[PDB]
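The same protein chain appears twice below, in two forms, each given on its own as C-alpha coordinates and labelled structure 1 and structure 2.
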Structure 1
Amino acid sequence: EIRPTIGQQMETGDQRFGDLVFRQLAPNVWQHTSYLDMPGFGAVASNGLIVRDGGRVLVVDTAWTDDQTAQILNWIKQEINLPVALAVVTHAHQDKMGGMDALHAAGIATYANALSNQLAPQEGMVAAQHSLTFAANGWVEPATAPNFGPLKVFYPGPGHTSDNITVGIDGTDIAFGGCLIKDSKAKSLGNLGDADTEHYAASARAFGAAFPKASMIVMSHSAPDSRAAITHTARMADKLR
(Lines of atoms letter the chains of each structure in order from A and count residues from 1; the text may use other names and numbers.)
(Lines give C-alpha, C1' and ligand atoms only; values in the text may rest on other atoms or scores of the structure.)
Protein backbone atom coordinates (compact mmCIF):
# COMPACT_ATOMS: atom_id res chain seq x y z
CA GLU A 1 0.00 0.00 0.00
CA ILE A 2 1.08 3.58 -0.71
CA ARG A 3 1.06 5.69 2.48
CA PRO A 4 1.88 9.19 1.25
CA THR A 5 3.69 11.79 3.31
CA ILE A 6 1.58 14.47 1.60
CA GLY A 7 -1.93 13.56 0.54
CA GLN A 8 -4.66 11.25 1.70
CA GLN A 9 -4.12 7.62 2.61
CA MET A 10 -5.95 4.75 0.95
CA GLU A 11 -9.55 4.17 2.05
CA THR A 12 -12.38 1.74 1.39
CA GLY A 13 -13.97 2.50 -1.97
CA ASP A 14 -10.62 3.29 -3.54
CA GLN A 15 -9.56 1.18 -6.50
CA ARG A 16 -5.88 0.59 -7.19
CA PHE A 17 -5.03 0.42 -10.91
CA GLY A 18 -1.35 0.07 -11.56
CA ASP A 19 0.29 2.63 -9.28
CA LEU A 20 -2.72 4.97 -9.42
CA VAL A 21 -5.81 5.20 -7.17
CA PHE A 22 -9.36 6.00 -8.32
CA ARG A 23 -12.32 6.92 -6.14
CA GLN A 24 -15.90 7.59 -7.18
CA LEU A 25 -17.24 10.87 -5.74
CA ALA A 26 -20.62 10.96 -7.54
CA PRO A 27 -22.42 8.89 -10.20
CA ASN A 28 -20.47 10.62 -12.99
CA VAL A 29 -17.38 11.91 -11.15
CA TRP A 30 -14.18 10.21 -10.02
CA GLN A 31 -10.98 11.41 -8.37
CA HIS A 32 -7.68 10.24 -9.84
CA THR A 33 -4.61 10.07 -7.59
CA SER A 34 -0.99 9.59 -8.63
CA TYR A 35 2.22 9.62 -6.59
CA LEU A 36 5.73 11.02 -6.85
CA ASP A 37 8.56 9.90 -4.58
CA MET A 38 10.57 12.75 -3.13
CA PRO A 39 13.97 11.72 -1.73
CA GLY A 40 14.13 11.50 2.05
CA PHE A 41 10.52 12.73 2.18
CA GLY A 42 8.37 9.89 0.81
CA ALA A 43 5.40 9.78 -1.51
CA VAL A 44 3.44 12.87 -2.50
CA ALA A 45 -0.10 12.41 -3.80
CA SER A 46 -1.74 14.59 -6.41
CA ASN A 47 -5.45 14.48 -7.19
CA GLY A 48 -7.45 15.33 -10.29
CA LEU A 49 -10.93 14.58 -11.65
CA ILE A 50 -12.66 12.49 -14.31
CA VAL A 51 -16.19 13.43 -15.37
CA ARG A 52 -18.61 11.41 -17.50
CA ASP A 53 -20.78 13.81 -19.58
CA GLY A 54 -23.19 11.87 -21.76
CA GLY A 55 -21.17 9.92 -24.32
CA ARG A 56 -17.81 11.48 -23.46
CA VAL A 57 -15.31 11.90 -20.65
CA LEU A 58 -13.63 15.10 -19.49
CA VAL A 59 -10.44 15.17 -17.40
CA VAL A 60 -9.17 17.77 -14.91
CA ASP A 61 -5.37 17.64 -14.46
CA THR A 62 -2.80 15.15 -15.61
CA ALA A 63 -0.82 12.88 -13.35
CA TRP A 64 2.81 13.68 -12.46
CA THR A 65 4.18 11.77 -15.49
CA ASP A 66 3.25 10.68 -18.99
CA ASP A 67 3.30 7.01 -17.99
CA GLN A 68 0.90 7.66 -15.09
CA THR A 69 -1.36 9.79 -17.30
CA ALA A 70 -1.50 6.97 -19.87
CA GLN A 71 -2.77 4.73 -17.05
CA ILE A 72 -5.55 7.27 -16.34
CA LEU A 73 -6.61 6.81 -19.96
CA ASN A 74 -6.43 3.01 -19.58
CA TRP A 75 -8.55 3.11 -16.42
CA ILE A 76 -11.11 5.25 -18.26
CA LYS A 77 -11.24 2.72 -21.11
CA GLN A 78 -11.86 -0.13 -18.68
CA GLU A 79 -14.29 1.44 -16.22
CA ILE A 80 -16.16 3.96 -18.41
CA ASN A 81 -15.42 3.00 -22.05
CA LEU A 82 -16.23 6.40 -23.55
CA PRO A 83 -13.89 8.66 -25.50
CA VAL A 84 -12.03 11.42 -23.68
CA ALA A 85 -13.10 14.64 -25.39
CA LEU A 86 -10.84 17.10 -23.56
CA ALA A 87 -8.64 17.80 -20.56
CA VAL A 88 -8.21 21.01 -18.55
CA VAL A 89 -5.07 21.58 -16.45
CA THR A 90 -5.13 23.98 -13.53
CA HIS A 91 -1.57 25.48 -13.47
CA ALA A 92 1.96 24.97 -14.88
CA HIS A 93 3.44 22.66 -12.24
CA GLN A 94 4.43 19.00 -12.74
CA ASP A 95 1.57 17.52 -10.72
CA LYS A 96 -1.01 19.17 -12.98
CA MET A 97 0.74 19.28 -16.40
CA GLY A 98 3.53 16.68 -16.17
CA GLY A 99 1.56 14.22 -18.33
CA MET A 100 0.58 16.44 -21.22
CA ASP A 101 2.41 14.31 -23.82
CA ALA A 102 0.27 11.28 -22.97
CA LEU A 103 -2.87 13.31 -23.74
CA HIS A 104 -1.45 14.70 -26.98
CA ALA A 105 -0.20 11.27 -28.04
CA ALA A 106 -3.78 10.02 -27.64
CA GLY A 107 -5.30 12.87 -29.69
CA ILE A 108 -7.01 14.52 -26.70
CA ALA A 109 -7.67 18.28 -26.92
CA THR A 110 -6.06 20.11 -24.00
CA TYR A 111 -6.84 23.45 -22.32
CA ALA A 112 -5.13 25.68 -19.78
CA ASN A 113 -5.11 29.30 -18.67
CA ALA A 114 -3.29 31.27 -21.37
CA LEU A 115 -0.77 32.30 -18.69
CA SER A 116 -0.13 28.64 -17.86
CA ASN A 117 0.67 28.00 -21.52
CA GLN A 118 2.91 31.07 -21.62
CA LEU A 119 4.78 29.86 -18.51
CA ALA A 120 4.93 26.18 -19.45
CA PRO A 121 8.31 26.26 -21.27
CA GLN A 122 9.99 27.98 -18.33
CA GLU A 123 8.38 25.45 -15.96
CA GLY A 124 9.60 22.46 -18.00
CA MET A 125 6.03 21.63 -19.07
CA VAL A 126 4.49 20.97 -22.49
CA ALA A 127 1.89 23.67 -23.16
CA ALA A 128 -1.73 22.73 -23.70
CA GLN A 129 -3.11 23.09 -27.21
CA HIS A 130 -5.67 25.78 -26.31
CA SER A 131 -5.81 28.79 -24.00
CA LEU A 132 -8.55 29.93 -21.64
CA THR A 133 -9.09 33.62 -20.92
CA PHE A 134 -11.05 35.23 -18.10
CA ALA A 135 -13.30 38.21 -17.38
CA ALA A 136 -12.46 40.76 -14.67
CA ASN A 137 -14.81 38.89 -12.32
CA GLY A 138 -12.82 35.67 -12.82
CA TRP A 139 -15.26 33.68 -14.93
CA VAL A 140 -13.94 32.00 -18.07
CA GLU A 141 -14.81 33.70 -21.33
CA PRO A 142 -17.13 31.01 -22.78
CA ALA A 143 -15.74 31.22 -26.34
CA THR A 144 -12.41 29.97 -24.91
CA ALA A 145 -14.05 26.98 -23.17
CA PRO A 146 -15.69 25.19 -26.11
CA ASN A 147 -17.96 22.25 -25.24
CA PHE A 148 -16.83 22.17 -21.62
CA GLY A 149 -20.23 20.76 -20.64
CA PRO A 150 -20.47 20.63 -16.85
CA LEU A 151 -16.96 22.01 -16.25
CA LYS A 152 -17.33 25.61 -15.05
CA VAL A 153 -13.88 27.24 -15.00
CA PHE A 154 -13.08 30.14 -12.66
CA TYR A 155 -9.84 32.11 -12.24
CA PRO A 156 -9.90 33.26 -8.57
CA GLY A 157 -6.84 35.53 -8.73
CA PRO A 158 -3.19 34.87 -7.90
CA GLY A 159 -2.58 32.62 -4.93
CA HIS A 160 -0.70 29.35 -5.02
CA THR A 161 0.61 30.60 -8.37
CA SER A 162 -0.36 33.54 -10.54
CA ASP A 163 -1.97 31.20 -13.12
CA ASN A 164 -3.98 28.88 -10.85
CA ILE A 165 -7.52 28.09 -12.01
CA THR A 166 -10.43 26.22 -10.42
CA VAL A 167 -13.33 24.14 -11.75
CA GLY A 168 -16.88 23.56 -10.55
CA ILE A 169 -18.73 20.44 -11.73
CA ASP A 170 -22.21 21.52 -12.72
CA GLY A 171 -25.04 19.29 -11.66
CA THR A 172 -23.07 18.06 -8.64
CA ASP A 173 -22.03 19.32 -5.23
CA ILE A 174 -18.34 19.25 -6.27
CA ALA A 175 -15.84 22.04 -6.86
CA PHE A 176 -12.11 21.60 -7.48
CA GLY A 177 -9.72 24.03 -5.90
CA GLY A 178 -6.55 22.44 -7.19
CA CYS A 179 -3.46 23.44 -5.28
CA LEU A 180 -4.98 26.77 -4.11
CA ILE A 181 -7.14 25.18 -1.36
CA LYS A 182 -5.79 23.01 1.46
CA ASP A 183 -7.90 20.91 3.78
CA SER A 184 -9.16 22.22 7.10
CA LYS A 185 -6.58 20.17 9.04
CA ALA A 186 -3.63 21.72 7.16
CA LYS A 187 -0.96 23.38 9.29
CA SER A 188 0.39 25.60 6.49
CA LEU A 189 -0.09 26.61 2.87
CA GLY A 190 2.89 24.46 1.89
CA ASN A 191 5.57 25.75 -0.45
CA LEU A 192 5.02 29.47 -1.12
CA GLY A 193 7.93 29.90 -3.53
CA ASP A 194 5.74 30.78 -6.52
CA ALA A 195 2.86 32.17 -4.45
CA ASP A 196 1.30 35.61 -4.32
CA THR A 197 1.13 36.10 -0.57
CA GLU A 198 -0.59 39.49 -0.87
CA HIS A 199 -3.58 38.26 -2.90
CA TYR A 200 -3.85 34.61 -1.75
CA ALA A 201 -6.55 35.15 0.90
CA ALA A 202 -8.81 37.11 -1.45
CA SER A 203 -8.30 34.48 -4.16
CA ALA A 204 -9.34 31.68 -1.82
CA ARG A 205 -12.44 33.61 -0.75
CA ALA A 206 -13.23 34.32 -4.41
CA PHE A 207 -13.21 30.60 -5.16
CA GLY A 208 -15.74 30.03 -2.38
CA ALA A 209 -17.98 32.83 -3.64
CA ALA A 210 -17.82 31.53 -7.22
CA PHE A 211 -19.19 28.08 -6.26
CA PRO A 212 -21.40 29.08 -3.31
CA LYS A 213 -23.35 25.82 -3.09
CA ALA A 214 -20.54 23.27 -3.58
CA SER A 215 -20.39 21.08 -0.47
CA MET A 216 -17.56 18.74 -1.55
CA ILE A 217 -14.29 20.58 -2.16
CA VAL A 218 -11.72 18.47 -4.03
CA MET A 219 -8.07 19.55 -3.89
CA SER A 220 -4.73 18.43 -5.21
CA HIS A 221 -2.96 17.34 -2.01
CA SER A 222 -5.71 16.39 0.45
CA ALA A 223 -8.80 14.18 0.46
CA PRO A 224 -12.09 15.94 -0.34
CA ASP A 225 -13.31 18.22 2.45
CA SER A 226 -16.25 20.44 3.32
CA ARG A 227 -16.41 24.18 2.64
CA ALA A 228 -14.43 24.75 5.83
CA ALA A 229 -11.34 23.98 3.72
CA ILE A 230 -11.91 27.23 1.82
CA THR A 231 -12.35 29.42 4.88
CA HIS A 232 -9.47 27.76 6.78
CA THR A 233 -7.19 28.27 3.78
CA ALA A 234 -8.18 31.93 3.52
CA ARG A 235 -7.60 32.53 7.23
CA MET A 236 -4.14 30.97 7.03
CA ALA A 237 -3.43 33.21 4.06
CA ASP A 238 -4.60 36.26 6.01
CA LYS A 239 -1.52 35.72 8.19
CA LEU A 240 0.81 36.21 5.20
CA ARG A 241 -0.11 39.88 4.68
Structure 2
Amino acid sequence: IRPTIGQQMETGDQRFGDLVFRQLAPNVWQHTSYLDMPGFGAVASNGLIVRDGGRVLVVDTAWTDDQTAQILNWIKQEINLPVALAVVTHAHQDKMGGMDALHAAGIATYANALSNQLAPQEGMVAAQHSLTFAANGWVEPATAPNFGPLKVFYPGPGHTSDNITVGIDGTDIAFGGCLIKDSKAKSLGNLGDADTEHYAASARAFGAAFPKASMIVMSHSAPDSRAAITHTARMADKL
Protein backbone atom coordinates (compact mmCIF):
# COMPACT_ATOMS: atom_id res chain seq x y z
CA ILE A 1 0.00 0.00 0.00
CA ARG A 2 1.84 3.05 -1.34
CA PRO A 3 -0.43 6.11 -1.55
CA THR A 4 1.01 9.52 -2.38
CA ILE A 5 1.21 12.19 0.32
CA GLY A 6 -1.79 13.92 -1.31
CA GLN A 7 -3.80 10.69 -1.16
CA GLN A 8 -2.81 10.26 2.50
CA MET A 9 -3.67 13.87 3.42
CA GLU A 10 -7.35 13.35 2.49
CA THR A 11 -7.73 11.77 5.97
CA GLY A 12 -6.90 15.24 7.42
CA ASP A 13 -3.94 16.85 9.20
CA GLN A 14 -1.10 14.49 9.98
CA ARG A 15 1.00 14.41 13.11
CA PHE A 16 4.68 13.76 12.42
CA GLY A 17 7.12 13.68 15.31
CA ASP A 18 6.37 16.82 17.32
CA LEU A 19 4.89 18.63 14.29
CA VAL A 20 1.63 18.78 12.37
CA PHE A 21 1.28 19.00 8.58
CA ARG A 22 -1.80 20.09 6.61
CA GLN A 23 -2.27 20.03 2.84
CA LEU A 24 -3.58 23.40 1.61
CA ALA A 25 -3.38 22.70 -2.15
CA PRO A 26 -1.94 19.86 -4.31
CA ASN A 27 1.67 21.08 -3.93
CA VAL A 28 1.40 23.24 -0.78
CA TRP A 29 1.53 22.17 2.86
CA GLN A 30 1.46 24.07 6.15
CA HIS A 31 4.03 23.01 8.76
CA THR A 32 3.20 23.60 12.43
CA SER A 33 5.66 23.46 15.31
CA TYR A 34 5.22 24.17 19.00
CA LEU A 35 7.18 26.05 21.69
CA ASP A 36 6.57 24.41 25.07
CA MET A 37 5.76 27.07 27.70
CA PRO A 38 6.06 25.09 30.95
CA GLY A 39 2.76 25.23 32.83
CA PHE A 40 0.87 26.74 29.80
CA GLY A 41 -0.30 25.56 26.36
CA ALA A 42 2.40 25.23 23.72
CA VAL A 43 2.71 28.11 21.29
CA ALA A 44 1.99 27.08 17.70
CA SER A 45 3.74 28.57 14.67
CA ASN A 46 2.98 27.84 11.02
CA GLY A 47 5.10 28.01 7.88
CA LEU A 48 4.85 26.57 4.35
CA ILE A 49 6.30 23.86 2.13
CA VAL A 50 5.88 24.17 -1.64
CA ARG A 51 6.61 21.43 -4.19
CA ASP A 52 7.79 23.28 -7.32
CA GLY A 53 8.35 20.58 -9.94
CA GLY A 54 11.46 18.63 -9.04
CA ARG A 55 12.34 20.74 -5.98
CA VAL A 56 10.88 21.88 -2.65
CA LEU A 57 10.78 25.43 -1.25
CA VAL A 58 10.28 26.29 2.43
CA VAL A 59 8.82 29.39 4.07
CA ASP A 60 9.98 29.79 7.70
CA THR A 61 11.83 27.45 10.00
CA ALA A 62 10.31 25.86 13.07
CA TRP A 63 11.09 27.24 16.57
CA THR A 64 14.26 25.13 16.90
CA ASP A 65 16.90 23.34 14.87
CA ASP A 66 15.52 19.96 15.99
CA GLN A 67 11.95 20.78 14.94
CA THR A 68 13.32 22.09 11.63
CA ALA A 69 15.20 18.81 11.11
CA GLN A 70 11.83 17.07 11.72
CA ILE A 71 10.36 19.20 8.87
CA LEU A 72 13.21 18.04 6.62
CA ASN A 73 12.57 14.40 7.71
CA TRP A 74 8.88 14.76 6.71
CA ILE A 75 9.84 16.22 3.33
CA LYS A 76 12.22 13.30 2.68
CA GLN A 77 9.68 10.70 3.79
CA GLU A 78 6.61 12.06 2.00
CA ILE A 79 7.84 14.20 -0.92
CA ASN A 80 11.29 12.64 -1.61
CA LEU A 81 12.64 15.70 -3.51
CA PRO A 82 15.53 18.07 -2.72
CA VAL A 83 14.88 21.29 -0.83
CA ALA A 84 16.40 24.12 -2.90
CA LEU A 85 15.78 27.24 -0.84
CA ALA A 86 13.97 28.80 2.06
CA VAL A 87 12.57 32.28 2.71
CA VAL A 88 12.27 33.30 6.39
CA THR A 89 9.95 36.11 7.32
CA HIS A 90 11.54 37.99 10.28
CA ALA A 91 14.09 37.71 13.09
CA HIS A 92 11.95 35.99 15.73
CA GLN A 93 12.53 32.48 17.06
CA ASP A 94 9.45 30.93 15.44
CA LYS A 95 10.65 32.01 11.96
CA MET A 96 14.47 31.80 12.15
CA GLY A 97 15.08 29.49 15.14
CA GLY A 98 16.13 26.60 12.88
CA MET A 99 18.49 28.24 10.38
CA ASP A 100 21.42 25.97 11.31
CA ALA A 101 19.39 22.89 10.34
CA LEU A 102 18.57 24.41 6.94
CA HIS A 103 22.16 25.41 6.28
CA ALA A 104 23.51 21.97 7.16
CA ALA A 105 21.05 20.44 4.67
CA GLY A 106 22.59 22.53 1.85
CA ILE A 107 19.48 24.71 1.56
CA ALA A 108 20.04 28.30 0.31
CA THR A 109 18.39 30.79 2.65
CA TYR A 110 16.93 34.24 2.07
CA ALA A 111 15.59 36.93 4.42
CA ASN A 112 14.93 40.64 4.46
CA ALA A 113 18.35 42.36 4.74
CA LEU A 114 17.05 43.92 7.96
CA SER A 115 16.28 40.47 9.41
CA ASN A 116 19.87 39.45 8.70
CA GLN A 117 21.10 42.53 10.60
CA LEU A 118 18.83 41.81 13.59
CA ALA A 119 19.25 38.04 14.00
CA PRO A 120 22.81 37.39 15.36
CA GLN A 121 22.31 39.86 18.25
CA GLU A 122 19.36 37.66 19.38
CA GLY A 123 21.30 34.38 19.30
CA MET A 124 20.05 33.41 15.86
CA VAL A 125 21.76 32.89 12.56
CA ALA A 126 21.31 35.23 9.60
CA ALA A 127 20.10 33.85 6.30
CA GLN A 128 22.82 33.43 3.69
CA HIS A 129 21.29 35.97 1.32
CA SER A 130 19.64 39.32 1.82
CA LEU A 131 16.48 40.52 0.07
CA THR A 132 16.14 44.21 -0.82
CA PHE A 133 12.73 45.73 -1.45
CA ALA A 134 11.79 48.61 -3.68
CA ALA A 135 9.94 51.52 -2.04
CA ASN A 136 6.70 49.97 -3.35
CA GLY A 137 7.35 46.85 -1.23
CA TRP A 138 8.08 44.35 -4.00
CA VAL A 139 11.30 42.45 -3.72
CA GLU A 140 13.98 43.57 -6.15
CA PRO A 141 13.98 40.53 -8.53
CA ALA A 142 17.81 40.50 -8.75
CA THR A 143 17.96 39.73 -5.00
CA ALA A 144 15.43 36.86 -5.25
CA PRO A 145 16.85 34.56 -7.96
CA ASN A 146 14.96 31.41 -9.01
CA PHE A 147 12.08 31.77 -6.49
CA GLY A 148 9.60 29.80 -8.67
CA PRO A 149 6.04 30.67 -7.59
CA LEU A 150 7.10 32.62 -4.45
CA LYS A 151 6.33 36.34 -4.67
CA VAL A 152 7.89 38.24 -1.76
CA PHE A 153 6.45 41.53 -0.48
CA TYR A 154 7.50 43.88 2.33
CA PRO A 155 4.24 45.47 3.57
CA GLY A 156 5.83 47.96 5.97
CA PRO A 157 6.56 47.72 9.68
CA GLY A 158 3.89 46.00 11.78
CA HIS A 159 4.32 42.87 13.85
CA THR A 160 8.04 43.69 13.58
CA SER A 161 10.04 46.26 11.63
CA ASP A 162 11.35 43.55 9.30
CA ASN A 163 8.25 41.37 8.66
CA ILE A 164 7.82 40.10 5.08
CA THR A 165 5.02 38.23 3.30
CA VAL A 166 4.89 35.65 0.49
CA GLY A 167 2.32 34.94 -2.23
CA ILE A 168 2.25 31.60 -4.04
CA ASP A 169 1.65 32.17 -7.74
CA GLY A 170 -0.73 29.72 -9.39
CA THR A 171 -2.63 29.16 -6.12
CA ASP A 172 -5.18 31.01 -4.00
CA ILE A 173 -2.65 31.35 -1.16
CA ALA A 174 -0.83 34.29 0.39
CA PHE A 175 1.24 33.97 3.56
CA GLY A 176 0.95 36.89 5.96
CA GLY A 177 3.33 35.33 8.51
CA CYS A 178 2.92 36.91 11.93
CA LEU A 179 1.46 40.15 10.55
CA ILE A 180 -2.05 38.73 10.12
CA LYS A 181 -4.31 36.93 12.59
CA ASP A 182 -7.59 35.22 11.78
CA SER A 183 -10.96 36.90 11.60
CA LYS A 184 -12.02 35.68 15.09
CA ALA A 185 -8.77 36.54 16.93
CA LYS A 186 -9.02 38.40 20.28
CA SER A 187 -5.52 39.82 20.02
CA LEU A 188 -2.53 40.31 17.80
CA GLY A 189 -0.28 38.24 20.13
CA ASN A 190 2.98 39.62 21.44
CA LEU A 191 3.44 43.20 20.22
CA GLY A 192 6.74 43.82 22.01
CA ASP A 193 8.63 44.44 18.75
CA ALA A 194 5.67 45.93 16.88
CA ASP A 195 5.42 49.27 15.11
CA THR A 196 2.07 50.30 16.54
CA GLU A 197 1.85 53.45 14.37
CA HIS A 198 2.17 51.60 11.06
CA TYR A 199 0.74 48.13 11.80
CA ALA A 200 -2.77 48.69 10.42
CA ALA A 201 -1.46 50.29 7.22
CA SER A 202 0.98 47.40 6.74
CA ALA A 203 -1.80 44.82 7.14
CA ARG A 204 -3.78 46.73 4.50
CA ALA A 205 -0.74 46.82 2.18
CA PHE A 206 -0.43 43.01 2.40
CA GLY A 207 -4.07 42.63 1.32
CA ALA A 208 -3.59 45.04 -1.58
CA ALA A 209 -0.42 43.26 -2.72
CA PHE A 210 -2.17 39.87 -3.10
CA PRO A 211 -5.70 40.83 -4.12
CA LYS A 212 -6.55 37.43 -5.65
CA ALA A 213 -5.45 35.38 -2.63
CA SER A 214 -8.60 33.94 -1.09
CA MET A 215 -6.72 31.77 1.42
CA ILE A 216 -4.67 33.73 3.93
CA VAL A 217 -2.09 31.62 5.77
CA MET A 218 -0.68 32.97 9.05
CA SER A 219 1.88 32.02 11.68
CA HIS A 220 -0.36 32.01 14.75
CA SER A 221 -3.81 31.22 13.37
CA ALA A 222 -5.22 28.51 11.09
CA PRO A 223 -5.84 29.56 7.47
CA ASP A 224 -8.73 31.94 6.91
CA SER A 225 -10.48 33.92 4.23
CA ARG A 226 -9.71 37.57 3.43
CA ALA A 227 -11.80 39.00 6.31
CA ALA A 228 -8.74 38.19 8.46
CA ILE A 229 -6.92 41.15 6.88
CA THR A 230 -9.40 43.91 7.82
CA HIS A 231 -10.04 42.19 11.16
CA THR A 232 -6.31 42.37 11.90
CA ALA A 233 -6.17 46.01 10.77
CA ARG A 234 -9.17 46.84 12.96
CA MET A 235 -7.49 45.22 15.97
CA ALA A 236 -4.28 47.18 15.16
CA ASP A 237 -6.06 50.55 14.59
CA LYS A 238 -4.87 53.29 16.98
CA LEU A 239 -2.73 51.00 19.15
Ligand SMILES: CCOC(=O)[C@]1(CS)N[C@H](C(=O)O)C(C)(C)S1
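Residues that one form lacks are left out of the comparison. Residue numbering: structure 1 sequence, from 1. We call the rigid core whatever largest set of C-alpha positions still superposes within 1.5 Å between the two forms.
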query	finding
Displayed copy of the chain that is the form deposited with the named molecule bound	1
From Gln9, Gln15, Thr231, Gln24, residue displaced between structure 1 and structure 2 - CA threshold 2 Å or more, rigid core	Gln9
Core-referenced Cα shift (Å), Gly42, between structure 1 and structure 2	1.8
Once the two forms are fitted on their core, CA shift of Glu123 between structure 1 and structure 2 in Å	2.1
Mobile segments between structure 1 and structure 2 [3+ consecutive residues, each C-alpha shifted 2 angstroms or more, core superposed]	2-12, 39-41
